[PDB]
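Source file: query07.pdb; contents: PDB, C-alpha atoms.
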ATOM      1  CA  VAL N   1       3.909  28.184  -7.652  1.00  0.00           C
ATOM      2  CA  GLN N   2       6.585  27.096 -10.106  1.00  0.00           C
ATOM      3  CA  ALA N   3       6.099  23.488  -8.979  1.00  0.00           C
ATOM      4  CA  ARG N   4       2.304  23.665  -9.301  1.00  0.00           C
ATOM      5  CA  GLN N   5       1.848  20.919 -11.901  1.00  0.00           C
ATOM      6  CA  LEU N   6       4.297  18.699  -9.990  1.00  0.00           C
ATOM      7  CA  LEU N   7       2.498  19.206  -6.666  1.00  0.00           C
ATOM      8  CA  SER N   8      -0.825  18.439  -8.365  1.00  0.00           C
ATOM      9  CA  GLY N   9       0.656  15.229  -9.750  1.00  0.00           C
ATOM     10  CA  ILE N  10       2.064  14.361  -6.313  1.00  0.00           C
ATOM     11  CA  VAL N  11      -1.299  14.888  -4.585  1.00  0.00           C
ATOM     12  CA  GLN N  12      -3.071  12.821  -7.230  1.00  0.00           C
ATOM     13  CA  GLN N  13      -0.326  10.197  -6.851  1.00  0.00           C
ATOM     14  CA  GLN N  14      -0.994  10.010  -3.133  1.00  0.00           C
ATOM     15  CA  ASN N  15      -4.686   9.334  -3.817  1.00  0.00           C
ATOM     16  CA  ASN N  16      -3.633   6.686  -6.350  1.00  0.00           C
ATOM     17  CA  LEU N  17      -1.544   4.935  -3.698  1.00  0.00           C
ATOM     18  CA  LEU N  18      -4.236   5.311  -1.036  1.00  0.00           C
ATOM     19  CA  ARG N  19      -6.875   3.748  -3.317  1.00  0.00           C
ATOM     20  CA  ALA N  20      -4.509   0.895  -4.176  1.00  0.00           C
ATOM     21  CA  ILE N  21      -3.797   0.218  -0.493  1.00  0.00           C
ATOM     22  CA  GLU N  22      -7.500   0.262   0.356  1.00  0.00           C
ATOM     23  CA  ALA N  23      -8.236  -2.199  -2.441  1.00  0.00           C
ATOM     24  CA  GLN N  24      -5.437  -4.445  -1.181  1.00  0.00           C
ATOM     25  CA  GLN N  25      -6.959  -4.189   2.295  1.00  0.00           C
ATOM     26  CA  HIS N  26     -10.229  -5.585   0.972  1.00  0.00           C
ATOM     27  CA  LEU N  27      -8.419  -8.482  -0.711  1.00  0.00           C
ATOM     28  CA  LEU N  28      -6.249  -9.208   2.349  1.00  0.00           C
ATOM     29  CA  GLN N  29      -9.384  -9.314   4.434  1.00  0.00           C
ATOM     30  CA  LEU N  30     -10.920 -11.855   2.027  1.00  0.00           C
ATOM     31  CA  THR N  31      -7.809 -14.032   2.381  1.00  0.00           C
ATOM     32  CA  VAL N  32      -8.055 -13.751   6.164  1.00  0.00           C
ATOM     33  CA  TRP N  33     -11.548 -15.223   6.112  1.00  0.00           C
ATOM     34  CA  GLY N  34     -10.537 -17.800   3.519  1.00  0.00           C
ATOM     35  CA  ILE N  35      -7.822 -19.034   5.878  1.00  0.00           C
ATOM     36  CA  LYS N  36     -10.217 -19.000   8.837  1.00  0.00           C
ATOM     37  CA  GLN N  37     -12.780 -21.045   6.912  1.00  0.00           C
ATOM     38  CA  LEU N  38     -10.140 -23.650   6.048  1.00  0.00           C
ATOM     39  CA  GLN N  39      -8.959 -23.735   9.669  1.00  0.00           C
ATOM     40  CA  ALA N  40     -12.502 -24.492  10.785  1.00  0.00           C
ATOM     41  CA  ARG N  41     -12.829 -27.250   8.197  1.00  0.00           C
ATOM     42  CA  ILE N  42      -9.743 -29.031   9.496  1.00  0.00           C
ATOM     43  CA  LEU N  43     -10.349 -28.481  13.205  1.00  0.00           C
TER      44      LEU N  43
ATOM     45  CA  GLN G   1       6.728  28.335  -1.735  1.00  0.00           C
ATOM     46  CA  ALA G   2       3.825  26.157  -0.557  1.00  0.00           C
ATOM     47  CA  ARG G   3       4.896  24.918   2.877  1.00  0.00           C
ATOM     48  CA  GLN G   4       1.469  23.926   4.192  1.00  0.00           C
ATOM     49  CA  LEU G   5       0.705  21.553   1.317  1.00  0.00           C
ATOM     50  CA  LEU G   6       4.224  20.116   1.497  1.00  0.00           C
ATOM     51  CA  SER G   7       3.873  19.457   5.239  1.00  0.00           C
ATOM     52  CA  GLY G   8       0.590  17.674   4.562  1.00  0.00           C
ATOM     53  CA  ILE G   9       2.120  15.628   1.736  1.00  0.00           C
ATOM     54  CA  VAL G  10       5.032  14.497   3.921  1.00  0.00           C
ATOM     55  CA  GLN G  11       2.613  13.603   6.722  1.00  0.00           C
ATOM     56  CA  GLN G  12       0.494  11.774   4.118  1.00  0.00           C
ATOM     57  CA  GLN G  13       3.545   9.819   2.988  1.00  0.00           C
ATOM     58  CA  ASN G  14       4.152   8.649   6.534  1.00  0.00           C
ATOM     59  CA  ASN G  15       0.476   7.681   6.770  1.00  0.00           C
ATOM     60  CA  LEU G  16       0.755   5.535   3.645  1.00  0.00           C
ATOM     61  CA  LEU G  17       4.053   4.015   4.713  1.00  0.00           C
ATOM     62  CA  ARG G  18       2.613   3.139   8.117  1.00  0.00           C
ATOM     63  CA  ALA G  19      -0.438   1.541   6.485  1.00  0.00           C
ATOM     64  CA  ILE G  20       1.694  -0.556   4.103  1.00  0.00           C
ATOM     65  CA  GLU G  21       3.874  -1.684   7.014  1.00  0.00           C
ATOM     66  CA  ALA G  22       0.774  -2.786   8.932  1.00  0.00           C
ATOM     67  CA  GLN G  23      -0.477  -4.631   5.842  1.00  0.00           C
ATOM     68  CA  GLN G  24       2.878  -6.385   5.580  1.00  0.00           C
ATOM     69  CA  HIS G  25       2.525  -7.605   9.157  1.00  0.00           C
ATOM     70  CA  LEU G  26      -0.913  -8.972   8.313  1.00  0.00           C
ATOM     71  CA  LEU G  27       0.312 -10.519   5.040  1.00  0.00           C
ATOM     72  CA  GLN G  28       3.104 -12.248   6.997  1.00  0.00           C
ATOM     73  CA  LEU G  29       0.475 -13.746   9.293  1.00  0.00           C
ATOM     74  CA  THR G  30      -1.557 -15.016   6.347  1.00  0.00           C
ATOM     75  CA  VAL G  31       1.556 -16.544   4.791  1.00  0.00           C
ATOM     76  CA  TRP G  32       2.158 -18.551   7.967  1.00  0.00           C
ATOM     77  CA  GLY G  33      -1.487 -19.472   8.322  1.00  0.00           C
ATOM     78  CA  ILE G  34      -1.408 -20.926   4.833  1.00  0.00           C
ATOM     79  CA  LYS G  35       1.826 -22.834   5.514  1.00  0.00           C
ATOM     80  CA  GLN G  36       0.313 -24.247   8.695  1.00  0.00           C
ATOM     81  CA  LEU G  37      -2.704 -25.401   6.706  1.00  0.00           C
ATOM     82  CA  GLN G  38      -0.506 -26.916   3.984  1.00  0.00           C
ATOM     83  CA  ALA G  39       1.252 -28.863   6.738  1.00  0.00           C
ATOM     84  CA  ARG G  40      -2.108 -30.214   7.912  1.00  0.00           C
ATOM     85  CA  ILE G  41      -3.620 -30.689   4.429  1.00  0.00           C
ATOM     86  CA  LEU G  42      -0.894 -31.270   1.795  1.00  0.00           C
TER      87      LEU G  42
ATOM     88  CA  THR T   1       9.837  27.161  -6.852  1.00  0.00           C
ATOM     89  CA  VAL T   2      13.638  26.676  -6.244  1.00  0.00           C
ATOM     90  CA  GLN T   3      13.295  25.977  -2.510  1.00  0.00           C
ATOM     91  CA  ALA T   4      11.613  22.651  -1.665  1.00  0.00           C
ATOM     92  CA  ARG T   5      13.174  21.221  -4.904  1.00  0.00           C
ATOM     93  CA  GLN T   6      15.197  18.912  -2.653  1.00  0.00           C
ATOM     94  CA  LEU T   7      12.057  18.008  -0.669  1.00  0.00           C
ATOM     95  CA  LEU T   8      10.061  17.601  -3.917  1.00  0.00           C
ATOM     96  CA  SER T   9      12.757  15.228  -5.228  1.00  0.00           C
ATOM     97  CA  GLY T  10      12.622  13.232  -1.967  1.00  0.00           C
ATOM     98  CA  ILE T  11       8.811  13.087  -2.095  1.00  0.00           C
ATOM     99  CA  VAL T  12       8.800  11.845  -5.694  1.00  0.00           C
ATOM    100  CA  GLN T  13      11.431   9.213  -4.885  1.00  0.00           C
ATOM    101  CA  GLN T  14       9.350   8.377  -1.812  1.00  0.00           C
ATOM    102  CA  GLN T  15       6.286   7.780  -3.966  1.00  0.00           C
ATOM    103  CA  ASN T  16       8.239   5.408  -6.175  1.00  0.00           C
ATOM    104  CA  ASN T  17       9.330   3.477  -3.101  1.00  0.00           C
ATOM    105  CA  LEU T  18       5.752   3.217  -1.806  1.00  0.00           C
ATOM    106  CA  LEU T  19       4.530   2.210  -5.257  1.00  0.00           C
ATOM    107  CA  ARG T  20       7.189  -0.495  -5.569  1.00  0.00           C
ATOM    108  CA  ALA T  21       6.396  -1.733  -2.045  1.00  0.00           C
ATOM    109  CA  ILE T  22       2.666  -1.950  -2.858  1.00  0.00           C
ATOM    110  CA  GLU T  23       3.391  -3.747  -6.134  1.00  0.00           C
ATOM    111  CA  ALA T  24       5.571  -6.319  -4.355  1.00  0.00           C
ATOM    112  CA  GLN T  25       2.837  -6.865  -1.767  1.00  0.00           C
ATOM    113  CA  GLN T  26       0.374  -7.422  -4.598  1.00  0.00           C
ATOM    114  CA  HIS T  27       2.557 -10.224  -5.955  1.00  0.00           C
ATOM    115  CA  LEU T  28       2.683 -11.748  -2.494  1.00  0.00           C
ATOM    116  CA  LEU T  29      -1.081 -11.307  -2.053  1.00  0.00           C
ATOM    117  CA  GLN T  30      -1.528 -12.994  -5.440  1.00  0.00           C
ATOM    118  CA  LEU T  31       0.490 -15.957  -4.148  1.00  0.00           C
ATOM    119  CA  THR T  32      -1.563 -16.225  -0.969  1.00  0.00           C
ATOM    120  CA  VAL T  33      -4.757 -16.170  -3.025  1.00  0.00           C
ATOM    121  CA  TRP T  34      -3.645 -19.175  -5.058  1.00  0.00           C
ATOM    122  CA  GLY T  35      -2.365 -20.962  -1.961  1.00  0.00           C
ATOM    123  CA  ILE T  36      -5.809 -20.623  -0.408  1.00  0.00           C
ATOM    124  CA  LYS T  37      -7.521 -21.805  -3.584  1.00  0.00           C
ATOM    125  CA  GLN T  38      -5.241 -24.832  -3.748  1.00  0.00           C
ATOM    126  CA  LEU T  39      -6.126 -25.693  -0.149  1.00  0.00           C
ATOM    127  CA  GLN T  40      -9.832 -25.143  -0.839  1.00  0.00           C
ATOM    128  CA  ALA T  41      -9.565 -27.657  -3.668  1.00  0.00           C
ATOM    129  CA  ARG T  42      -7.991 -30.154  -1.277  1.00  0.00           C
ATOM    130  CA  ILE T  43     -10.478 -29.634   1.594  1.00  0.00           C
ATOM    131  CA  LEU T  44     -13.601 -27.881   0.303  1.00  0.00           C
TER     132      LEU T  44
ATOM    133  CA  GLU E   1      -3.318 -10.281  16.488  1.00  0.00           C
ATOM    134  CA  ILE E   2      -5.132 -10.331  13.133  1.00  0.00           C
ATOM    135  CA  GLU E   3      -8.031  -8.267  14.451  1.00  0.00           C
ATOM    136  CA  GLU E   4      -5.649  -5.779  16.045  1.00  0.00           C
ATOM    137  CA  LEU E   5      -3.911  -5.417  12.690  1.00  0.00           C
ATOM    138  CA  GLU E   6      -7.193  -4.968  10.817  1.00  0.00           C
ATOM    139  CA  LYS E   7      -8.169  -2.245  13.294  1.00  0.00           C
ATOM    140  CA  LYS E   8      -4.764  -0.545  12.971  1.00  0.00           C
ATOM    141  CA  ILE E   9      -4.855  -0.628   9.168  1.00  0.00           C
ATOM    142  CA  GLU E  10      -8.359   0.796   8.899  1.00  0.00           C
ATOM    143  CA  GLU E  11      -7.478   3.572  11.375  1.00  0.00           C
ATOM    144  CA  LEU E  12      -4.386   4.500   9.364  1.00  0.00           C
ATOM    145  CA  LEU E  13      -6.386   4.513   6.132  1.00  0.00           C
ATOM    146  CA  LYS E  14      -9.062   6.684   7.761  1.00  0.00           C
ATOM    147  CA  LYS E  15      -6.300   9.081   8.782  1.00  0.00           C
ATOM    148  CA  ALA E  16      -4.877   9.006   5.240  1.00  0.00           C
ATOM    149  CA  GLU E  17      -8.328   9.764   3.776  1.00  0.00           C
ATOM    150  CA  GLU E  18      -8.688  12.812   6.050  1.00  0.00           C
ATOM    151  CA  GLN E  19      -5.215  14.005   5.082  1.00  0.00           C
ATOM    152  CA  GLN E  20      -5.996  13.508   1.402  1.00  0.00           C
ATOM    153  CA  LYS E  21      -8.954  15.892   1.689  1.00  0.00           C
ATOM    154  CA  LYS E  22      -6.896  18.500   3.527  1.00  0.00           C
ATOM    155  CA  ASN E  23      -4.132  18.250   0.904  1.00  0.00           C
ATOM    156  CA  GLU E  24      -6.589  18.634  -1.976  1.00  0.00           C
ATOM    157  CA  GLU E  25      -8.088  21.703  -0.281  1.00  0.00           C
ATOM    158  CA  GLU E  26      -4.631  23.191   0.298  1.00  0.00           C
ATOM    159  CA  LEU E  27      -3.754  22.491  -3.334  1.00  0.00           C
ATOM    160  CA  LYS E  28      -6.928  24.319  -4.397  1.00  0.00           C
ATOM    161  CA  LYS E  29      -5.916  27.408  -2.407  1.00  0.00           C
ATOM    162  CA  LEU E  30      -2.931  27.696  -4.775  1.00  0.00           C
ATOM    163  CA  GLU E  31      -5.333  27.163  -7.726  1.00  0.00           C
ATOM    164  CA  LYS E  32      -4.681  23.402  -8.035  1.00  0.00           C
TER     165      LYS E  32
ATOM    166  CA  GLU U   1     -14.935 -11.024  -5.664  1.00  0.00           C
ATOM    167  CA  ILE U   2     -11.257 -12.019  -5.627  1.00  0.00           C
ATOM    168  CA  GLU U   3     -10.960 -11.454  -9.366  1.00  0.00           C
ATOM    169  CA  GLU U   4     -12.638  -8.044  -9.433  1.00  0.00           C
ATOM    170  CA  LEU U   5     -10.325  -6.972  -6.626  1.00  0.00           C
ATOM    171  CA  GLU U   6      -7.190  -8.165  -8.382  1.00  0.00           C
ATOM    172  CA  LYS U   7      -8.340  -6.420 -11.569  1.00  0.00           C
ATOM    173  CA  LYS U   8      -9.096  -3.238  -9.613  1.00  0.00           C
ATOM    174  CA  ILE U   9      -5.717  -3.292  -7.864  1.00  0.00           C
ATOM    175  CA  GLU U  10      -3.786  -3.858 -11.067  1.00  0.00           C
ATOM    176  CA  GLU U  11      -5.536  -0.948 -12.807  1.00  0.00           C
ATOM    177  CA  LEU U  12      -4.832   1.385  -9.883  1.00  0.00           C
ATOM    178  CA  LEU U  13      -1.164   0.418  -9.865  1.00  0.00           C
ATOM    179  CA  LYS U  14      -0.899   0.982 -13.614  1.00  0.00           C
ATOM    180  CA  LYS U  15      -2.500   4.391 -13.121  1.00  0.00           C
ATOM    181  CA  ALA U  16       0.038   5.062 -10.366  1.00  0.00           C
ATOM    182  CA  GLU U  17       2.893   3.985 -12.663  1.00  0.00           C
ATOM    183  CA  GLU U  18       1.666   6.395 -15.333  1.00  0.00           C
ATOM    184  CA  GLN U  19       1.503   9.200 -12.774  1.00  0.00           C
ATOM    185  CA  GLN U  20       4.929   8.268 -11.423  1.00  0.00           C
ATOM    186  CA  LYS U  21       6.488   8.753 -14.866  1.00  0.00           C
ATOM    187  CA  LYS U  22       4.676  12.084 -15.304  1.00  0.00           C
ATOM    188  CA  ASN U  23       5.853  13.308 -11.898  1.00  0.00           C
ATOM    189  CA  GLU U  24       9.417  12.177 -12.578  1.00  0.00           C
ATOM    190  CA  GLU U  25       9.305  13.963 -15.953  1.00  0.00           C
ATOM    191  CA  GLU U  26       7.946  17.159 -14.399  1.00  0.00           C
ATOM    192  CA  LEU U  27      10.566  16.971 -11.650  1.00  0.00           C
ATOM    193  CA  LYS U  28      13.144  17.067 -14.463  1.00  0.00           C
ATOM    194  CA  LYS U  29      11.575  20.086 -16.194  1.00  0.00           C
ATOM    195  CA  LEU U  30      11.392  21.887 -12.839  1.00  0.00           C
ATOM    196  CA  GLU U  31      15.054  21.001 -12.219  1.00  0.00           C
TER     197      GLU U  31
ATOM    198  CA  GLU I   1       9.468 -17.028  -4.058  1.00  0.00           C
ATOM    199  CA  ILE I   2       7.450 -16.143  -0.956  1.00  0.00           C
ATOM    200  CA  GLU I   3      10.768 -15.639   0.857  1.00  0.00           C
ATOM    201  CA  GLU I   4      12.139 -13.472  -1.963  1.00  0.00           C
ATOM    202  CA  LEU I   5       9.019 -11.303  -1.862  1.00  0.00           C
ATOM    203  CA  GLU I   6       9.125 -10.828   1.904  1.00  0.00           C
ATOM    204  CA  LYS I   7      12.772  -9.823   1.635  1.00  0.00           C
ATOM    205  CA  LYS I   8      12.108  -7.357  -1.193  1.00  0.00           C
ATOM    206  CA  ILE I   9       9.128  -5.811   0.609  1.00  0.00           C
ATOM    207  CA  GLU I  10      10.986  -5.293   3.884  1.00  0.00           C
ATOM    208  CA  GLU I  11      13.947  -3.840   1.933  1.00  0.00           C
ATOM    209  CA  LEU I  12      11.683  -1.341   0.189  1.00  0.00           C
ATOM    210  CA  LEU I  13       9.972  -0.395   3.459  1.00  0.00           C
ATOM    211  CA  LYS I  14      13.313   0.171   5.179  1.00  0.00           C
ATOM    212  CA  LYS I  15      14.329   2.293   2.199  1.00  0.00           C
ATOM    213  CA  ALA I  16      11.056   4.214   2.484  1.00  0.00           C
ATOM    214  CA  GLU I  17      11.653   4.749   6.211  1.00  0.00           C
ATOM    215  CA  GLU I  18      15.067   6.245   5.476  1.00  0.00           C
ATOM    216  CA  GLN I  19      13.579   8.650   2.949  1.00  0.00           C
ATOM    217  CA  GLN I  20      10.754   9.580   5.296  1.00  0.00           C
ATOM    218  CA  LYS I  21      13.324  10.768   7.835  1.00  0.00           C
ATOM    219  CA  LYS I  22      15.215  12.567   5.061  1.00  0.00           C
ATOM    220  CA  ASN I  23      12.021  14.264   3.882  1.00  0.00           C
ATOM    221  CA  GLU I  24      11.047  15.316   7.406  1.00  0.00           C
ATOM    222  CA  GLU I  25      14.554  16.722   7.927  1.00  0.00           C
ATOM    223  CA  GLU I  26      14.330  18.691   4.687  1.00  0.00           C
ATOM    224  CA  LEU I  27      10.877  19.996   5.578  1.00  0.00           C
ATOM    225  CA  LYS I  28      12.212  21.216   8.935  1.00  0.00           C
ATOM    226  CA  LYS I  29      15.096  22.898   7.123  1.00  0.00           C
ATOM    227  CA  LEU I  30      12.623  24.916   5.019  1.00  0.00           C
ATOM    228  CA  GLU I  31      12.026  26.998   8.194  1.00  0.00           C
ATOM    229  CA  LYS I  32      14.038  29.888   9.606  1.00  0.00           C
TER     230      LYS I  32
END
Since I need it in another form, could you write the structure as structure tokens?
Amino acid sequence: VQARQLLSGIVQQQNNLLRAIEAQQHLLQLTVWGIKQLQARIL
Amino acid sequence: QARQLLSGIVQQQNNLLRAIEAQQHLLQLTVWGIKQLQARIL
Amino acid sequence: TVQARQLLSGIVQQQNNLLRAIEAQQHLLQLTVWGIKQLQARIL
Amino acid sequence: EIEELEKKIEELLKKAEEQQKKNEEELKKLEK
Amino acid sequence: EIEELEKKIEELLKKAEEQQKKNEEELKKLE
Amino acid sequence: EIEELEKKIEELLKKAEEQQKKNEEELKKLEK
């Protein structure tokens, strides 16, 4: 219980990283379709 | 002490690490897909 | 606390490593975004 | 391969979301 | 869409950098 | 620059894997 404020910051930090990774997932998935659309345009 | 939260945090860290590693694999594939297109497109 | 200080230190350093990994991936993702846009300009 | 990776990623993030809730509930039981 | 995602990601990472400094500071006080 | 980023990312992930093992070891040690 001494490390209470630290643990709280750690847990909030893990949600910060999770939200960042999820937002990157959405962007990565846009780039996946962007590449697929270009591949169709060539082929 | 607070063992149960700490166990969950450590598990959570492995979860995040595993997700980032999987994203890296996918990013690597998109890097090559772009290079292949640049080779066909210039 | 006084026990788990070592684990707390490792967790905090672990979060910095994950954060730095995610930030590097963002720079790479940013590059792939522009690479796609440059190709779209040449094909679309 | 891409679709297998998308599936894997979303499963891992689902697992991380469940763990985030459990951690926040365990943190609350110590009074945040 | 791309631009709102890049903006969103960069704000989340800045928030994580702020929290990283706070956690590192509190790890010092605890130590 | 793409090469330098892939190298840096993999280096950080290997570093994070080492600390994950270290953290799991230390968690196990917290037992008796």
Please evaluate the PyMOL selection byres ((chain I and resi 1-5) around 10) against the structure above and give the resulting residues as a compact mmCIF listing (two decimals) with C-alpha atoms, in the frame of the given file.
# COMPACT_ATOMS: atom_id res chain seq x y z
CA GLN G 28 3.10 -12.25 7.00
CA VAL G 31 1.56 -16.54 4.79
CA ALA T 21 6.40 -1.73 -2.04
CA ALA T 24 5.57 -6.32 -4.36
CA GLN T 25 2.84 -6.86 -1.77
CA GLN T 26 0.37 -7.42 -4.60
CA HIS T 27 2.56 -10.22 -5.96
CA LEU T 28 2.68 -11.75 -2.49
CA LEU T 29 -1.08 -11.31 -2.05
CA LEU T 31 0.49 -15.96 -4.15
CA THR T 32 -1.56 -16.23 -0.97
CA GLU I 6 9.12 -10.83 1.90
CA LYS I 7 12.77 -9.82 1.64
CA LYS I 8 12.11 -7.36 -1.19
CA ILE I 9 9.13 -5.81 0.61
CA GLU I 10 10.99 -5.29 3.88
CA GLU I 11 13.95 -3.84 1.93
Residues of chain T within 7 Å of chain G, counting only C-alpha atoms, as a list in words: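 The contacting residues on chain T are residues 1, 18, 32, 35 and 36 of chain T.
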Step by step, work through what the PyMOL selection byres ((chain U and resi 26) around 12) selects in the shown file, and finish by giving those residues as a list in words. residues 2, 3, 4, 5, 6, 7, 8, 9 and 10 of chain N; 5, 8, 9 and 12 of chain T; 19, 20, 21, 22, 23, 24, 25, 27, 28, 29, 30 and 31 of chain U
Report as a PyMOL selection string the residues that result from applying the PyMOL selection byres ((chain E and resi 22) around 12) to the structure here. (chain N and resi 11+15) or (chain G and resi 4-9+11-12) or (chain E and resi 15-21+23-29)
Computed after least-squares fitting of chain E to chain I on all C-alpha atoms in order, what is the RMSD in Å?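 Overlaying the two chains on their C-alpha atoms yields 1.6 Å.
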Shell around segment 5-13 of chain U at 12 Å using only C-alpha atoms, local window under 5 positions removed, as a PyMOL selection string: (chain N and resi 12-31) or (chain T and resi 16+18-27+29-31+33) or (chain U and resi 18-20)
Pairwise distance for atom CA of residue 18 of chain G and atom CA of residue 12 of chain I, rounded to one decimal in Å: 12.9 Å
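Across the model, the gap from atom CA of residue 29 of chain G to atom CA of residue 40 of chain N is 16.9 Å.
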Padding of 5 Å on every side, edges along x, y and z, all listed atoms of segment 22-30 of chain I included: what centre and edge lengths in Å, to one decimal, does that box have, as lines of an AutoDock Vina configuration file?
center_x = 13.0
center_y = 18.7
center_z = 6.4
size_x = 14.3
size_y = 22.3
size_z = 15.1
Would you mind reading off the distance between atom CA of residue 30 of chain E and atom CA of residue 2 of chain T, one decimal, in Å? 16.7 Å
